[PDB]
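**Q** Before we start, here is the structure in question, set down as structure tokens.
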Amino acid sequence: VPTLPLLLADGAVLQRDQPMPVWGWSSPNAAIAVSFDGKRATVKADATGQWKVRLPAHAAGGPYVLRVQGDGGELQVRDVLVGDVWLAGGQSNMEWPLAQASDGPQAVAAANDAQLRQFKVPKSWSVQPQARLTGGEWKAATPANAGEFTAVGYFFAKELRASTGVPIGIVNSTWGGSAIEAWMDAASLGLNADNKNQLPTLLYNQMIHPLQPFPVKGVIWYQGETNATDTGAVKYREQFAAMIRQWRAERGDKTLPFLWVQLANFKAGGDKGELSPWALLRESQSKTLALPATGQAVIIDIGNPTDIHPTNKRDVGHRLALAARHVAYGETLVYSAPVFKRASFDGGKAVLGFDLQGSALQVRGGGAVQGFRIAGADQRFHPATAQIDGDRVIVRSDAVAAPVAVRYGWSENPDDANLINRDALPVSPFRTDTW
Ligand SMILES: [Zn+2]
Ligand SMILES: [Zn+2]
Ligand SMILES: [Zn+2]
Ligand SMILES: [Zn+2]
Ligand SMILES: [Zn+2]
Ligand SMILES: [Zn+2]
Ligand SMILES: [Zn+2]
């Protein structure tokens with residue numbers, strides 16, 4: 001009488017268009033048969049009692065029944081869809097449930113999609129990497145269930161349902177207040193294999209590692225507030241890149257799409273002088289775009305100055321889905337605002353070159369450009385004026401005759417910064433210096 005992992009249960013969404021692993025346990029050397037939509041595979045478990053087959057790549061569809069057959073009896077897994085599965089991780093703002101979004105009641109009331117599903121990994125930890133989850137089931141996006149979906153993940157999935165027309169499943173693996181070190185395996189930290197959600201490897205071991213044989217289309221991520229500190233904001237860029245590369249290596253896919261949300265604006269109290277840990281962390285996030293198959297949603301226009309938990313999650317999901325459509329689905333569209341590329345300082349002016357990313361630079365509210373500061377060699381930054389000229393912005397200040405650096409939206413709460421494109425996507429904060 002065989003058993004299956006918690007992910008291969010009633011209502012599951014399985015990753016389409018790549019090999020389909022089915023694994024589980026039984027008696028040692030037990031004979032096992034697995035069938036799915038008229039395909040059958042047999043295998044013998046090993047002396048541990050573990051068994052695994054790979055079923056052919058299957059196109060989007062469903063519902064189907066996954067049958068597993070041993071000599072003791074049969075397991076039937078019902079209402080299985082085949083589509084795209086996305087892993088959704090991070091801390092509070094990915095955990096944030098749909099019911100508590102700005103549109104929560106109305107969005108839950110509109111959530112009537114049997115082909116959009118979530119698997120909520122329970123908050124759990126372990127000092128060692130684990131082969132099994134300790135809980136969780138698949139729920140479809142009905143009004144009875146959708147209130148508990150990740151708000152950002154639901155809205156992201158709702159966008160993909162419309163652009164792909166295939167089933168979407170979200171594996172929700174989140175924990176409010178967590179540090180990235182808790183989500184990283186021992187190796188990415190240089191380690192051997194208090195609040196536990198801030199301790200190295202403890203969440204990865206129980207909430208990520210067991211998921212890794214389950215194929216996914218890509219990952220969406222919203223984390224970093226906890227690491228936006230004097231000590232961890234810059235080194236986050238190396239930790240985050242290492243985390244992505246390791247998750248990817250574990251899954252055997254060095255270009256597995258990995259998308260994240262840059263921190264929103266928040267009066268975090270960390271800014272002092274020209275030091276801004278939150279702006280340093282956002283930079284660490286933007287630098288990670290150097291890795292292949294990555295994208296970033298910028299959201300400094302929709303944070304809450306006075307609450308680290310902004311309730312506008314619909315627009316977060318919209319911008320992650322733009323990026324997913326480019327990075328994971330190979331589509332051409334405006335998925336990013338213009339990106340700063342190059343700076344030249346001649347005269348009393350700085351000219352900044354942007355990659356326009358398929359759009360045009362404009363200004364929220366239509367007035368003068370806000371959010372720029374400029375510094376001389378003394379490294380003191382003054383407010384500056386800025387003018388748009390196609391793919392360039394020219395920046396200057398009456399009080400800086402020999403500028404050497406420019407900073408745009410470089411603070412924890414850059415709620416004035418107003419450079420956008422014609423689709424109203426905001427330009428990411430940035431700086432020209434490495435001070
Ligand atoms: Zn399991
Ligand atoms: Zn392992
Ligand atoms: Zn809050
Ligand atoms: Zn949208
Ligand atoms: Zn690209
Ligand atoms: Zn140019
Ligand atoms: Zn203001």
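Note on naming: chains are A, B, ... as they come in the structure tokens, residues start from 1 per chain, ligands start from 1 in the order shown.
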Check segment 177-355 of chain A with DSSP on the backbone and list each residue it calls strand (DSSP E or B), as number ranges by chain.
**A** A: 218-222, 258-261, 272, 275, 294-297, 304, 307, 339-346, 349-355
**Q** Distance table requested - segment 52-157 of chain A against segment 177-191 of chain A, cut-off 12 Å, only C-alpha atoms: one row per qualifying residue with the closest atom pair and its distance in Å to one decimal, ordered by chain and rising residue number, as CSV.
**A**
```
residue,atom,partner,partner_atom,distance
A:89,CA,A:183,CA,9.0
A:90,CA,A:178,CA,7.4
A:91,CA,A:178,CA,5.5
A:92,CA,A:177,CA,6.1
A:93,CA,A:177,CA,9.5
A:94,CA,A:177,CA,10.9
A:95,CA,A:177,CA,10.0
A:96,CA,A:177,CA,11.7
A:123,CA,A:178,CA,10.8
A:124,CA,A:182,CA,11.3
A:125,CA,A:182,CA,9.2
A:126,CA,A:182,CA,10.5
A:127,CA,A:186,CA,10.2
A:128,CA,A:186,CA,9.4
A:129,CA,A:185,CA,8.3
A:130,CA,A:185,CA,11.5
```
**Q** Which residues come within 7 Å of segment 231-237 of chain A, counting only C-alpha atoms, excluding same-chain residues fewer than 3 positions away, as a PDB file with C-alpha atoms, in the first residue's frame?
**A**
```
ATOM      1  CA  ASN A 227      18.034  42.641   5.825  1.00  0.00           C
ATOM      2  CA  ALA A 228      17.801  46.404   5.090  1.00  0.00           C
ATOM      3  CA  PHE A 240      20.639  36.997  -2.866  1.00  0.00           C
ATOM      4  CA  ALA A 241      22.610  36.076  -5.982  1.00  0.00           C
ATOM      5  CA  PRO A 277      20.174  51.008   4.304  1.00  0.00           C
ATOM      6  CA  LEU A 280      21.316  50.248  -0.314  1.00  0.00           C
ATOM      7  CA  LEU A 281      19.098  47.160  -0.189  1.00  0.00           C
ATOM      8  CA  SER A 284      21.458  45.215  -3.970  1.00  0.00           C
ATOM      9  CA  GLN A 285      18.175  44.048  -5.514  1.00  0.00           C
ATOM     10  CA  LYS A 287      22.306  44.611  -9.106  1.00  0.00           C
ATOM     11  CA  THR A 288      20.955  41.042  -9.059  1.00  0.00           C
TER      12      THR A 288
END
```
**Q** Would you mind writing down, as a ChimeraX atom specification, each residue of segment 119-204 of chain A that DSSP on the backbone assigns to helix (DSSP H, G or I)?
**A** /A:146-148,151-164,180-183,186-189,196-198,202-204
**Q** Can you write out the residues you just picked, keeping N, CA and C atoms, as a PDB file, in the first residue's frame?
**A**
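Written out: part_1.pdb:
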```pdb
ATOM      1  N   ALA A 146     -10.032  31.735  -1.473  1.00  0.00           N
ATOM      2  CA  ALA A 146      -9.106  32.713  -2.040  1.00  0.00           C
ATOM      3  C   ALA A 146      -8.651  33.748  -1.026  1.00  0.00           C
ATOM      4  N   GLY A 147      -9.437  33.993   0.023  1.00  0.00           N
ATOM      5  CA  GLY A 147      -9.034  34.977   1.011  1.00  0.00           C
ATOM      6  C   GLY A 147      -7.702  34.651   1.657  1.00  0.00           C
ATOM      7  N   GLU A 148      -7.354  33.362   1.731  1.00  0.00           N
ATOM      8  CA  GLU A 148      -6.113  32.877   2.315  1.00  0.00           C
ATOM      9  C   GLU A 148      -4.974  32.729   1.303  1.00  0.00           C
ATOM     10  N   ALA A 151      -1.723  37.389  -1.567  1.00  0.00           N
ATOM     11  CA  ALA A 151      -2.369  38.422  -2.362  1.00  0.00           C
ATOM     12  C   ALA A 151      -1.552  38.706  -3.604  1.00  0.00           C
ATOM     13  N   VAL A 152      -0.241  38.893  -3.422  1.00  0.00           N
ATOM     14  CA  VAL A 152       0.648  39.140  -4.546  1.00  0.00           C
ATOM     15  C   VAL A 152       0.667  37.935  -5.484  1.00  0.00           C
ATOM     16  N   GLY A 153       0.659  36.726  -4.922  1.00  0.00           N
ATOM     17  CA  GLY A 153       0.686  35.526  -5.747  1.00  0.00           C
ATOM     18  C   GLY A 153      -0.614  35.303  -6.496  1.00  0.00           C
ATOM     19  N   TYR A 154      -1.749  35.525  -5.829  1.00  0.00           N
ATOM     20  CA  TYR A 154      -3.039  35.452  -6.514  1.00  0.00           C
ATOM     21  C   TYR A 154      -3.087  36.405  -7.710  1.00  0.00           C
ATOM     22  N   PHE A 155      -2.773  37.682  -7.489  1.00  0.00           N
ATOM     23  CA  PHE A 155      -2.895  38.644  -8.581  1.00  0.00           C
ATOM     24  C   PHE A 155      -1.909  38.328  -9.697  1.00  0.00           C
ATOM     25  N   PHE A 156      -0.689  37.908  -9.338  1.00  0.00           N
ATOM     26  CA  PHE A 156       0.274  37.416 -10.321  1.00  0.00           C
ATOM     27  C   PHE A 156      -0.307  36.260 -11.123  1.00  0.00           C
ATOM     28  N   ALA A 157      -0.872  35.263 -10.434  1.00  0.00           N
ATOM     29  CA  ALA A 157      -1.432  34.098 -11.120  1.00  0.00           C
ATOM     30  C   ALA A 157      -2.617  34.475 -11.993  1.00  0.00           C
ATOM     31  N   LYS A 158      -3.450  35.401 -11.516  1.00  0.00           N
ATOM     32  CA  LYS A 158      -4.609  35.834 -12.289  1.00  0.00           C
ATOM     33  C   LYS A 158      -4.184  36.465 -13.609  1.00  0.00           C
ATOM     34  N   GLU A 159      -3.079  37.201 -13.599  1.00  0.00           N
ATOM     35  CA  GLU A 159      -2.556  37.789 -14.826  1.00  0.00           C
ATOM     36  C   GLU A 159      -2.063  36.719 -15.787  1.00  0.00           C
ATOM     37  N   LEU A 160      -1.343  35.721 -15.269  1.00  0.00           N
ATOM     38  CA  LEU A 160      -0.832  34.644 -16.111  1.00  0.00           C
ATOM     39  C   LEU A 160      -1.960  33.766 -16.660  1.00  0.00           C
ATOM     40  N   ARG A 161      -2.996  33.503 -15.861  1.00  0.00           N
ATOM     41  CA  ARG A 161      -4.144  32.774 -16.396  1.00  0.00           C
ATOM     42  C   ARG A 161      -4.649  33.450 -17.661  1.00  0.00           C
ATOM     43  N   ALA A 162      -4.702  34.788 -17.656  1.00  0.00           N
ATOM     44  CA  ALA A 162      -5.206  35.527 -18.811  1.00  0.00           C
ATOM     45  C   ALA A 162      -4.216  35.533 -19.966  1.00  0.00           C
ATOM     46  N   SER A 163      -2.915  35.628 -19.690  1.00  0.00           N
ATOM     47  CA  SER A 163      -1.992  35.680 -20.822  1.00  0.00           C
ATOM     48  C   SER A 163      -1.656  34.294 -21.365  1.00  0.00           C
ATOM     49  N   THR A 164      -1.615  33.267 -20.508  1.00  0.00           N
ATOM     50  CA  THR A 164      -1.275  31.921 -20.956  1.00  0.00           C
ATOM     51  C   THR A 164      -2.497  31.112 -21.364  1.00  0.00           C
ATOM     52  N   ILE A 180      16.883  36.604   4.810  1.00  0.00           N
ATOM     53  CA  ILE A 180      17.233  35.758   3.671  1.00  0.00           C
ATOM     54  C   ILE A 180      18.113  34.582   4.102  1.00  0.00           C
ATOM     55  N   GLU A 181      18.920  34.756   5.155  1.00  0.00           N
ATOM     56  CA  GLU A 181      19.787  33.664   5.596  1.00  0.00           C
ATOM     57  C   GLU A 181      18.973  32.433   5.989  1.00  0.00           C
ATOM     58  N   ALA A 182      17.757  32.625   6.509  1.00  0.00           N
ATOM     59  CA  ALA A 182      16.929  31.463   6.851  1.00  0.00           C
ATOM     60  C   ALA A 182      16.488  30.694   5.619  1.00  0.00           C
ATOM     61  N   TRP A 183      16.444  31.358   4.463  1.00  0.00           N
ATOM     62  CA  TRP A 183      15.950  30.774   3.224  1.00  0.00           C
ATOM     63  C   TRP A 183      17.065  30.201   2.384  1.00  0.00           C
ATOM     64  N   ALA A 186      22.837  25.621   3.592  1.00  0.00           N
ATOM     65  CA  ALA A 186      24.129  25.734   4.271  1.00  0.00           C
ATOM     66  C   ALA A 186      25.239  26.165   3.315  1.00  0.00           C
ATOM     67  N   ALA A 187      25.322  25.525   2.142  1.00  0.00           N
ATOM     68  CA  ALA A 187      26.425  25.779   1.215  1.00  0.00           C
ATOM     69  C   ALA A 187      26.489  27.238   0.777  1.00  0.00           C
ATOM     70  N   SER A 188      25.340  27.836   0.426  1.00  0.00           N
ATOM     71  CA  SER A 188      25.356  29.224  -0.004  1.00  0.00           C
ATOM     72  C   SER A 188      25.792  30.165   1.116  1.00  0.00           C
ATOM     73  N   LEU A 189      25.864  29.677   2.358  1.00  0.00           N
ATOM     74  CA  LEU A 189      26.262  30.470   3.513  1.00  0.00           C
ATOM     75  C   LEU A 189      27.653  30.131   4.018  1.00  0.00           C
ATOM     76  N   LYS A 196      13.385  31.673  14.939  1.00  0.00           N
ATOM     77  CA  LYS A 196      13.924  30.709  13.988  1.00  0.00           C
ATOM     78  C   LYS A 196      13.885  31.232  12.556  1.00  0.00           C
ATOM     79  N   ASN A 197      12.922  32.101  12.236  1.00  0.00           N
ATOM     80  CA  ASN A 197      12.812  32.658  10.893  1.00  0.00           C
ATOM     81  C   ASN A 197      13.946  33.622  10.551  1.00  0.00           C
ATOM     82  N   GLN A 198      14.878  33.881  11.471  1.00  0.00           N
ATOM     83  CA  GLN A 198      16.059  34.674  11.181  1.00  0.00           C
ATOM     84  C   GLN A 198      17.348  33.874  11.290  1.00  0.00           C
ATOM     85  N   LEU A 202      17.268  27.429   8.469  1.00  0.00           N
ATOM     86  CA  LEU A 202      16.211  26.675   9.149  1.00  0.00           C
ATOM     87  C   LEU A 202      14.915  26.619   8.337  1.00  0.00           C
ATOM     88  N   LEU A 203      14.575  27.678   7.587  1.00  0.00           N
ATOM     89  CA  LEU A 203      13.356  27.636   6.773  1.00  0.00           C
ATOM     90  C   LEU A 203      13.592  26.918   5.450  1.00  0.00           C
ATOM     91  N   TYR A 204      14.748  27.161   4.817  1.00  0.00           N
ATOM     92  CA  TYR A 204      15.098  26.431   3.608  1.00  0.00           C
ATOM     93  C   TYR A 204      14.938  24.938   3.826  1.00  0.00           C
TER      94      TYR A 204
END
```
**Q** Within 6 Å of segment 403-412 of chain A, counting only C-alpha atoms, which residues qualify if same-chain residues fewer than 5 places away don't, as an MDAnalysis selection string?
**A** chainID A and resid 265:266 276 278:279 371:376 417 429:433
**Q** Quick one: residues within 9 Å of segment 334-342 of chain A, only C-alpha atoms, excluding same-chain residues fewer than 4 positions away - as number ranges by chain?
**A** A: 295-298, 319-326, 351-361, 391, 419-432
**Q** Pick out the residues no farther than 9 Å from ligand 2, counting only C-alpha atoms and all ligand atoms, and list them as number ranges by chain.
**A** A: 129-131, 205, 209-210, 212, 250
